[PDB]
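S.K.: Keeping their order, the protein sequence lines are chains R and K.
Read left to right, the first sequence gives residues 35 to 50, 69 to 76, 81 to 94, 102 to 140, 147 to 183, 190 to 395, 412 to 474 (PDB author numbering).
So that you can map any letter, position 178 of the second sequence is 178 in PDB author numbering, and since no number is skipped, the others follow by simple counting.
C-beta: ideal position from N, C-alpha, C; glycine also.
One structure, as structure tokens, below. Some questions next.
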Amino acid sequence: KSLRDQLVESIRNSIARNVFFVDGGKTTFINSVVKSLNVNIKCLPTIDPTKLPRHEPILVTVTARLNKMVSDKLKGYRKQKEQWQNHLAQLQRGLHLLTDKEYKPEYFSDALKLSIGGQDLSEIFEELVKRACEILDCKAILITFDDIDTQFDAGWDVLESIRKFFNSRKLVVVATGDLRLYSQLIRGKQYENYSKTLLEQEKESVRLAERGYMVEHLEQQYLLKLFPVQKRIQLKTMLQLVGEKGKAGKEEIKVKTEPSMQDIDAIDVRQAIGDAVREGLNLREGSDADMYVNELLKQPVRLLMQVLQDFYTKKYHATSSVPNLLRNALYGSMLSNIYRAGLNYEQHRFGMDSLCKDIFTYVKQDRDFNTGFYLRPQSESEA
Amino acid sequence: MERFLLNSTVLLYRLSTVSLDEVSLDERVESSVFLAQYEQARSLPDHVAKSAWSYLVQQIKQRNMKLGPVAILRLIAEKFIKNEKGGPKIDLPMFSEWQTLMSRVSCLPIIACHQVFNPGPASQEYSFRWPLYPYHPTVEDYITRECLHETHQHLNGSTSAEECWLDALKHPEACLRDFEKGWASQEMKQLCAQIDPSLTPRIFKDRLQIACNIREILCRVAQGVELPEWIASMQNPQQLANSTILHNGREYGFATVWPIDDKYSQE
């Protein structure tokens, strides 16, 4: 909202690397941002890297969307068309470079045809964007890429698409995700550059150490260039968007709890959470319950929205126990969390027998051993 | 006979007089066709006409189209035009009656209908070129080796009449001026009465500007642009007899944007 607006302003005063990034929901925010831009810059349909066959280059995908946009802006109302197919064919012909698992020599004389020397696909792409903005009468093109949480590996590829092809001043990148995975993947295939025999032989702490230093420094430096900090976006969180304990509350959220909910029955968001917990927790309205719900307002918006949408849903269903309607919701919310916790899974074996053993397991895993039975969500792990 | 469905003063008058919301105009259209064939080709023996009309309505119903230029243009297209060699070509056995029909109608509509509904291989980007020709390798060879030899071309200004249509639409006021200046002459009065009894320059201009409006509105729909609101108030064809339309107190001029600079080009 406000965040997307500042971001819009930031990219706008950028045409005057060239890659804004959004930490982190994420997709909703990015879609809203793109709607915002609809100082002439033309946007691209959002790029979902995880939603692409294992064999495409980000560049081919970009070329496809660009093809559509150019062609239809062209069928709207020539020689510009005629000029475009030349670049298109040049791209097709030089396209092999990326795919080819081996160099075929015939590509040599191919490279011998005719402004840097060779068949630079990146320069070809730059004339491509030149033609595109020349024809669309736009200052630049936005390339909008989705997070790669579902496939953090394909993202690397977009990174090289950027580095090798998007070092142009009429293109701007909008990346989204967690830079931690970026770091890992870039590191992972940094390590892949070494020679297998090398590490196979030098398996000693000393040399392990300095190569780790080298790889980590290179990862850091390369992330610096690819994602220069200035244009990165931190984004405001839901609890950051909500009063910590009531001494805040820029832009009250308010949520719907009943089907009627004629915009005046909205029971805040913090207050709805507190009711759900206290009554499902039989928790009183004291300080710990508050902080309990603060350690709830962290959770990712999807998880919290599901867990608080199945809460009142089933309460209304039963009303035409709060703790069990809420317990069933927590079960779905943390199931794989609880599943990897190694704790009771079957629902037909609830009892109070399994509860004591499971509490023992939780306290041992949280270490503690002093107030673990308090079951405070104070652990470092979100699991 | 379909020529009658595309050239009929009776049908034109009747349609233009009736609103856009009658529906089920079959019988009146049929009667108009009977009349028009009577005046144009009176010599037909009074039963062949009904035979043919029944035949056509037959094909229309079995093929599940409605009585309209879409259907008629379709029928004409399959009957006459084909894809061969280069671009659509007219059948050798049928060229003569092709000319008979052309004497009455314009080719471009059929040409478009055929291109849309039975285009050749999607390889030869078709550029509209009038008129239509049959194919013979022998005649083609003779032409290529010796070319044609034009001597007598003084009929209509010096161009084909079809262009005079778009020329009038681009200079509608000039068309009215020239028509009037000549309408006072007895000859042209006789000819106008002979062709359309109740023409007069007033309904002349009305028809021209109405056609302009039709082209405009159907431009909007063809480009699929939002079907402007005033189409709802657009209820009687005569409403196209004015350069602007009154929906509710507010006047709309019909003009829109066109892909090409020359909105009046045959292309």
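1) Between the alpha carbons of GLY355 (chain R) and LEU37 (chain R), how many angstroms are there, rounded?
2) According to DSSP, is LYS331 (chain R) helix, strand or coil?
3) Which residue comes first and which comes last in the alpha helix (DSSP H) that contains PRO93 (chain K)?
4) Candidates K:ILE143, K:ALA71, K:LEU44, K:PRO45: which alpha carbon is nearest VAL57 (chain K)'s?
5) Does the stretch 14-28 of chain K come within contact of the stretch 231-246 of chain K, defined as at least 3 CB pairs closer than 8 angstroms?
6) Roughly how many angstroms lie between the CA atoms of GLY193 (chain R) and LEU148 (chain K), to the nearest whole one?
7) Check the C-beta distance from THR9 (chain K) over to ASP196 (chain K) and give it rounded, since I have them as a contact under 8 angstroms.
8) For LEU169 (chain K) and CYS212 (chain K), which I take to be in contact (beta-carbon distance under 8 angstroms), what is that distance rounded to the nearest angstrom?
9) What residue range is occupied by the uninterrupted alpha helix (DSSP H) comprising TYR453 (chain R)?
10) For the beta strand (DSSP E) that contains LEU246 (chain K), what are its first and last residues?
11) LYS170 (chain K) by DSSP, collapsed to three states: which one?
12) Out of K:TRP130, K:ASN156, K:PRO137, state which residue places its alpha-carbon closest to the alpha-carbon of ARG145 (chain K).
13) Could I get the ranges of all uninterrupted alpha helix (DSSP H) runs contained in the stretch 3-61 of chain K, with 4 residues as the minimum, in chain order?
14) Measuring only the C-alpha atoms, how far is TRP153 (chain R) from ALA127 (chain R)?
15) Alpha carbon to alpha carbon, how far is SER44 (chain R) from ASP195 (chain R)? Give it in angstroms, no decimals.
16) Given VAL42 (chain R), which residues of its chain have a CB within under 7 angstroms of its CB, disregarding the five upstream and five downstream residues?
17) Could you tell me whether the stretch 24-36 of chain K touches the stretch 123-137 of chain K, using the rule of 3 or more Cβ pairs below 8 angstroms?
18) Which partner residues does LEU246 (chain R) have in the DSSP bridge list?
19) Need the endpoints of the alpha helix (DSSP H) that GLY253 (chain K) sits in, please.
20) Just the Cα atoms here: how many angstroms apart are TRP183 (chain K) and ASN156 (chain K)?
21) Give me the DSSP bridge partner(s) of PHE73 (chain R).
22) For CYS447 (chain R), does the count of other Cβ atoms within 10 angstroms reach 16, so buried, or fall short, so exposed?
23) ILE348 (chain R) and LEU383 (chain R) look like a contact to me (Cβ under 8 angstroms); what is the Cβ gap, rounded to whole Å?
24) Taking Cβ positions, are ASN357 (chain R) and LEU314 (chain R) nearer each other than 8 angstroms?
25) Can you tell me where the beta strand (DSSP E) with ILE81 (chain K) in it begins and where it stops?
26) Are the stretch 85-99 of chain K and the stretch 117-132 of chain K touching, with three or more C-beta to C-beta distances below 8 angstroms?
27) For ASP449 (chain R), which residues of its own chain have a beta-carbon under 6 angstroms away from its beta-carbon, when the five flanking residues on both sides are left out?
28) Would you say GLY324 (chain R) and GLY76 (chain R) are within 8 angstroms of each other, going by their C-beta atoms?
29) Is there at least one Cβ from chain C nearer than 8 angstroms to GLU27 (chain K)'s Cβ?
30) Expressed to the nearest angstrom, what Euclidean distance is found between the alpha-carbon atoms of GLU216 (chain K) and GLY224 (chain K)?
M.R.: On the basis of the coordinates in this document:
1) 34 angstroms
2) Coil at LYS331 (chain R), not helix or strand.
3) Per DSSP, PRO93 (chain K) belongs to no alpha helix (DSSP H) and is neither H nor E.
4) K:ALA71
5) Yes, they touch.
6) 52 angstroms
7) Contact flag correct, Cβ pair sits at about 5 angstroms.
8) 6 angstroms
9) 444-456
10) 244-246
11) helix
12) K:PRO137
13) Counting only runs that start and end inside the stretch 3-61 of chain K, the alpha helix (DSSP H) elements of at least 4 residues fall at 9-17, 26-40.
14) 13 angstroms
15) 31 angstroms
16) Excluding residues within five positions, the ones whose Cβ falls inside 7 angstroms are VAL89, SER92, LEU93.
17) no
18) Bridge partners of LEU246 (chain R): R:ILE216.
19) No alpha helix (DSSP H) contains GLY253 (chain K), which is instead part of the beta strand (DSSP E) from 251-253.
20) Computed Cα separation, rounded: 18 angstroms.
21) R:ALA250, R:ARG307
22) Classification of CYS447 (chain R): exposed, given that the 10 Å Cβ count is below 16.
23) 7 angstroms
24) no
25) 81-83
26) Output reads yes: the stretch 117-132 of chain K touches the stretch 85-99 of chain K.
27) Hits under 6 angstroms: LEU434, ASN435.
28) Note that the C-beta distance between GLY324 (chain R) and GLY76 (chain R) is not below 8 angstroms.
29) The chain labelled as chain C is not found among the protein chains of the depicted structure, namely R and K.
30) 12 angstroms
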